[PDB]
Every structure is written in C-alpha cells, then in structure tokens.
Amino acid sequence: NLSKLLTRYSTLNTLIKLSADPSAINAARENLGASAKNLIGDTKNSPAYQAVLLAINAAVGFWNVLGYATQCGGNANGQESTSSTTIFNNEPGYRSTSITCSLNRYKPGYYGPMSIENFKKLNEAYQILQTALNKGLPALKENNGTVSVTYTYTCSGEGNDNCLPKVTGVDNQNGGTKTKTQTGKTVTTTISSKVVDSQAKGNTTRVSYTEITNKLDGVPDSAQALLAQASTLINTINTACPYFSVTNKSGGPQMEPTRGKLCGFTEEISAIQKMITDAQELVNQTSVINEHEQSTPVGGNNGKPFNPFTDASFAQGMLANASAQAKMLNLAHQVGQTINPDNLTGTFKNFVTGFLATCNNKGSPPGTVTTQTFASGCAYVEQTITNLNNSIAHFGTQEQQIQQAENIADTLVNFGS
C-alpha cells in the first residue's frame, strides 16, 4: 500500500508529483543541459577536465622524475652496440635538456637499457604531451583540435645505426627527407636528416653526428587522443622495464630504491594506469551525453494532459544522459583519489609528496623542460589536485540536479513498463 509507503518516505511522494508534471520534467532537462556544458564545455570549472588533466600530468610527471636515471642504448634492432651515443633533445636529463643513450655492450631489455626503438616510442609520446600541455588542453567536447610537434635527436659514434636511411625512412643521411601519414584523423610526419662533420665551424663537440628532425602536423589534441599518448608513455616504460640508477642530493628528498628496474615502482605505475583507464571511461561518457540531448521540451500530446505511463518515451534518453553525467563526476573523483597523498601511505606517499608533486624549475609554464626538471614532476600535480577539488566543491548544486533528473527519468521508465 502506497499511502503507508509515502508516510514513511515523503521525498518519494514529492518525486512522483514532479514526475507527473511536464514543467518540472522540463526544468530537470534544462538542468542536465547546463550541467553538461559545465562538464564537457568548460575547463577550469569542470571536474571531468581537471581529472583528465591530472591523469596526463601524472604520466608525464612520472617520467620527469625518473627519466634522467634510466639506462638506454644500443642499435636499431634492439641489439647491443659497441660505441653508439644517441641523444634525444627536449627531454629531462641530468642537469640537461637532453637524455643521452650511450650504454654499450649490454643487451637492451628487461633490467637493462631501454632499446632505442622503445625510447623513440616514449619520446614521441612525451613530446606530443608536453607540446599539448603547453598550449592548453581543450574542453572534452572538442574533438578536432590539433597541435604541431617538432623534436630532434642525434647519433654519433662508430657503428651507430639509429640515424640511418634504412631506419629513418629518409633517402640521404645528409639533406634527405621523407613524408608519411597515418591515422579517425590524418597526421602527417616529416622526417629530415642532416650530417655534421667533426671539423665543421660551429661544432662545439668533438665529433661527427647525424641529426634527425621530426615535424608532425595535425596531431590531435583531444582528451581521448592525449590519454592514448599518456598510456603509450607509461606502458612503454613498464613493458620495457629498464634499469635505472638515481642520484640523491644530500639534504632534500630521498629515493628508495636507488637502483633497479622501472617496473619495480609497481604501486606508482598501477595507479597511473588506473587513472588513465578511469579517465578514458570518463571521456567516453561524452558520446552518451551528446547522443541524448535534452533540449527538446516534452509534454502531453493532441490536447490531453501529460500521462506519465504513455507519453514518456524520452525517459530512457534522459536516464542515460543523467547517469552518464553522474558517472563522469564519480570517475573524476576516483582519479583524484588514486593519487591524492592524503590517503597514500609509505613508499608511494613519499614518491608523490617528495618527487611527483614538486617542480625544481625556476610556476614555469606547463610543458617546459629545463636543466632542473629531472627528479621532479614539473607537471602541476599539486595544483591540479587542488583544482579538481575546487571544481567538485563548485559542482554541488549541479550534482543534486543530476540526481533529481536521474530519479525523475527512472520513475518514468518504471511507469512505462
């Protein structure tokens, strides 16, 4: 009996009354439209935006911390080399804006040097993320933005084959170029190659080298695309699992262990992967919200008053929209709770408070690599956690409106069976 039931749960009485009133239903639909714009159209104030930004910053920060300590070297087929120095520019090396891969004789692979092939995948992804962070991520609903990325690397030493036409695609080591494209959007890559002799005016360094430039045009900068690069970054590090060896300054923060393999940061890498996975799921809710627009007013038909049992076929759509928005908000929250140091403990807390959520540069803009980036995050992780919380706090009214609307729709989906 329903009177018995509503005397105990008078909010349900109110809900049923709202569900039978086109004017309250339309008010709830309007709210969903305004909460959707807050989530997928805004930047500062969107918890979904702040969480996507946090997932990417954490991946990028992870490398800024440990990249300088990571061994890499060898030749082009993942094989050991005799005297190959391959240097990747705009990377957070030890007191340097390059990382130098010059470990010879050891076979690349697990608990050994990262292969140059793996460093190339990692570096390309790092360059795209840093360029994008520097320009600013767009709001989630923006899928056709692009960025231009340029990066360089050099090969020197007898027998170094990582800069060779055969590997690079190019025709001639000195002067050649190559254009190639790939994919739902076309990205065009322009590779060009140059040789600098040891005995050539302007060559500070002792030695002959080849310089490779890659210019990528039309790289997409949407959340999905960038989350895919972050995942490529973190998964290449974890799968390749190279040897690292750290330098601890006396005084500041101490890294244990001091030597080992990068996979060995199992808590850290798991967390980042989870953040990225949750942020992918979160961004996917955007197509659900887009598919089920709520801007069309609803009401009775051919003269009659609204009938909640027959006129409510829009409810399924309203329920899916509302639930997707709630899911975005919950996943955003979850992303923050994965990395927030207030709830971490031991090794992992120390890694975040001491290293990841720290910058040693002289707020320099996002995406900047200096000679002091190394052993620190420099990806705005503290600021981004704070802003995620600020935006959740500023989403109080909208969250209650999303719940009201989910409940109204759910009441109509039940009445409609």
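Heads up: residue numbers just count along the shown sequence, starting at 1. For the two forms, the rigid core is made up of the largest set of C-alpha atoms that agree within 1.5 Å on superposition.
The stretch that strays farther, by root mean square C-alpha distance over structures and residues in 8 other deposited structures of this protein after a rigid core fit, is 303-311, when 303-311 is set against 263-271. Superposing each structure in 8 other deposited structures of this protein on the rigid core shows that the farther-lying of 19-27 and 5-13, by root-mean-square Cα distance, is 5-13.
The modelled chain breaks between residue 362 and residue 363, where 4 to 9 residues of the deposited sequence lack coordinates.
Counting the unmodelled positions of the deposited sequence between residue 183 and residue 184 gives a small gap of 1 to 3 residues.
Taking the mean C-alpha B-factor of each stretch as recorded, 200-208 and 115-123 are not equal, and the higher mean is that of 200-208. Taking the mean C-alpha B-factor of each stretch as recorded, 91-99 and 170-178 are not equal, and the higher mean is that of 170-178. Across the residues 25, 393, 12, 402, the deposited record lists the maximum Cα B factor for 12. Per the deposited record, 258 carries the highest C-alpha B-factor of all listed residues (270, 321, 236, 258). Residue 311: CA B factor lies in the highest third for its chain, per the PDB record. In the deposited entry, the Cα temperature factor of residue 105 sits in the middle third of values across the chain's modelled residues. Among the modelled residues of its chain, residue 284 has a C-alpha B-factor that falls in the lowest third, as given in the PDB entry. Ranked against the other modelled residues of its chain, the C-alpha B-factor of residue 195 as given in the entry falls in the highest third. Per-chain ranking of the deposited C-alpha B factor places residue 78 in the middle third.
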